[PDB]
Every structure is written in structure tokens, then in C-alpha cells.
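Below sits a lone chain in C-alpha cells, taken as the form deposited in one PDB entry.
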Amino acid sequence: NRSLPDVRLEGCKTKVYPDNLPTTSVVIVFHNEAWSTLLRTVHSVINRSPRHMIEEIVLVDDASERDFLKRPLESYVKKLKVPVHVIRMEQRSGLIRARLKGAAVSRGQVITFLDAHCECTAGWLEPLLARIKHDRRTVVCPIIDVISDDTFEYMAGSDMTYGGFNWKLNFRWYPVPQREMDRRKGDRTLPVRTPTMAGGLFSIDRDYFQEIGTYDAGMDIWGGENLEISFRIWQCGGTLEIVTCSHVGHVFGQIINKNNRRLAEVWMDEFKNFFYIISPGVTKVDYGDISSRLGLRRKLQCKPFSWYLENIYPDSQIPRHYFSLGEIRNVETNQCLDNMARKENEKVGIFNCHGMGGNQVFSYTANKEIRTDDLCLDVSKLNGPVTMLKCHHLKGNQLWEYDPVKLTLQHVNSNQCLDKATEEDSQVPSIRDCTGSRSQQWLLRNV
């Protein structure tokens, strides 16, 4: 234990929570974690938490190998305020397996999951439990602050950042949008409805966890965190929030795709194609049996992935409605726009349509944007270069009007059209005054 400053939002410091919040059993799994780091977490939990709110602390050793973790730990553990137990996985298991085990061992009404490398803030627990007490079907996440791995210095995380995800099914941090600000009328001290969760840290009602099917043990153990429990909670009646008054620190192929297929085949209905279409060959990855989970979904009678995009994640990166999902082919040159695997702020290229999806996959969305995953085609000056920028959902320079009859794609702000590449810059589309050539005619086809 060391100290920190109060990183909570001014208003949080005054809030009073009802009496008799439930008791929680923090569950932490570890693997060869350094001694100091592991105990800094343990101590932060006891010192920063009101004793009558903590049941016990369960430390799940995931088949470590380091000497100090064995008897010294147990020794050191049994001697202190809060009861701390040390469960041991016989032969390497994985986070899911370890959390499942340490959870079946806990006895608190609400289970809190943390990593072996975290540090709790002042006032972190009360707001979490208070939320769950208001509604048992609410899963809660504290704001995740940053601890350096080198210096270990502290940097608080913002209440204006929440969980989303991209076409590749990767979890990602995204800015809280207006709707969430309008809904809370500006009071940032009110919890945020996050479309997804980092998976790292969260608290949940003991009985609610079991009720929505805990975790999918069919996923391979070297996988890790997933969007899976996030889609599950929402589509199946629950509510997932980031309690902005709670802060907690954290120090910062085939396997990955197996879990993506498992969660995508089970929850994303037809939107799973956004992931498949841009990952040619991921279809050869064997993802195991999902019958059980498919059973669970029908048992709980969860709502469609579409219900989730329009109600819970309107500012999603995967479009709920789209005019096309495929290649954008120039009718004159028969070349296709393609991201060339480049990153945000980079020039979108153009090359002969190979007709094999992937990097030549684009979507002209209902929001009139020409996007590929989380990037959108952006123009800022006449004849300027058309680059791929992070999609802000505000149109403007990322607004393109398509004419399905005339086949044009004009950039609204500049008042020009898109056509074949010019010379000297032979490998990129261009934006020029609208002529009417077959060169400014594009075919937005659907796979």
C-alpha cells in the first residue's frame, strides 16, 4: 500500500449511498505475478474498502512456478484483517477457468473481478455495490486508471471514455457520445451505459452471473478477455455500466480467432459477416462446439444483435444499416478502392479488383460515410488527397453522397466527385470537379 490522490470527479465526493449494500468477494487470478505487485493489489483492496462491505478476498493461482508465491504467500495471507484464501489450479488453466473456480469458492452476494496488478482508489467500492443494489441485473465497471509498468506512476482514466469494438472483433476504447451526455443531462457523476467492457475489471451479482451463463468454457484458455460477456449481458436483459465515481488502477492468431468465431457465431446473427468478410481464411479456424451456448441464448430468449446496435450502440463501428458491404469498383478502370492495410490518417489506395474481399472491402453506410472498419474516407481541401480517418459520427468532411442511377460519389463539402487516379500519384483515387465521365462512376456492389 502507497497512497494516491483523489481522482474522482468533484461531485462524487459528496454523494451518499443507501445503507446495507451487499457484501462482495473480490476474486483475483494470477500467474507468476511479482510479489510486490500482487500484494499492492491486495492491500489497496483492504485499505481502500470499507471492511463491512468486503466478504473475503480470493486469490487464484494459475499454476505459477515462482517460489515466493507458494508457502510465503499463504503464510503472509492468513495474517491480516480481511480473510484471504489462496486457491490453486493444478495444471495451467486460463483466466475464464480460474475466475469460474474462484467464483464458485466465493460466498459474497456480489463478486468483484480484478487482476493481480491493480490499485484501488478512494471511494471505489461503495458506488459499485450501490448500483447493483438498485438493480441486480446491472454489471458494473469502475473507471480504469493507468499505472506505468516502468515507473508505476499514476494516471487516472476519464469518465468520457467507454467500451466499443471494431469489425475485427477487438475491444476498443471510444469517446462517450452526445446521447449518453443528453441522457444524463450533463451530470457526469451518473453511470455510463458502455456498449462493451474491457473485461478486465467488473463486479456482478453472484446469482446474476450464473443466471446469464457465467462464461463460455468452450473458448480456448490462452484467449483472454472478450466482447462475448458484453453482448450476452445486453442482448439478454442486463445492463452494463461504467460507474464514473469508481476508479481502479491497472498496470499496462488462431487462438484469438477461435474465440471470435465462438462469440460471433453465437451472438452476432448476420452481422458476423462484417468480421468474416474482412478476415479471409479465418473460416478454416476450428471453433469447437457452441450448441450449449446456442441453447443458453434461446433459453434466455435474448434479443437480436440488431436490437443491440440500434438501442445500445448507435455510434457503433459496424453499421446497423448500410447501402453496401463490398467492393467499390470504378466502372472505367475496373479497379477497387482498398485500404492497403494502412492505418488512420493514411491515403486510401486504388488497385485492380481482385474480387476476394478483405482490404478491398468497404461500406457505404446509412450515415452516408464510405468506411472500412473504423476508418472513413476524408477530404479537407479541393482536389486534396482522400485519406482514411478515424470515423467521428459527425458527417461533414466524411459525408459522401451516392447516386445509384448516375453512379457518382461526390464529397459534399468540397463539391467534387471521386474518379480514377491521376499521374505521378498513380496509386490513389482522386477528388475532382464533377465531369460525368465513366471515370467518376462507381459500382457499390454487395458480396
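For every residue, the number given is its place in the sequence shown, counted from 1. Think of the rigid core as the biggest set of C-alphas that the two forms share within 1.5 Å after superposition.
There is also a form deposited in another entry; it is not shown, and the following applies to it.
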{"property": "Position with Cα shift of 2 Å or more, rigid core superposed between the shown form and the other one, options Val105, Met160, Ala366, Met356", "result": "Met356"}
{"property": "Large Cα move at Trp173 between the shown form and the other one, threshold 2 Å, rigid core", "result": "no"}
{"property": "After fitting the core, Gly213 CA displacement of 2 Å or more between the shown form and the other one", "result": "no"}
{"property": "Rigid core superposition, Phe323 Cα moves 2 angstroms or more between the shown form and the other one", "result": "no"}
{"property": "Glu225 and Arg40, C-alpha gap in that other deposited form relative to this structure (3 Å or more)", "result": "farther"}
{"property": "Shift in CA distance, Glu225 and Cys236, in that other deposited form relative to the form shown here, given it is 3 Å or more", "result": "closer"}
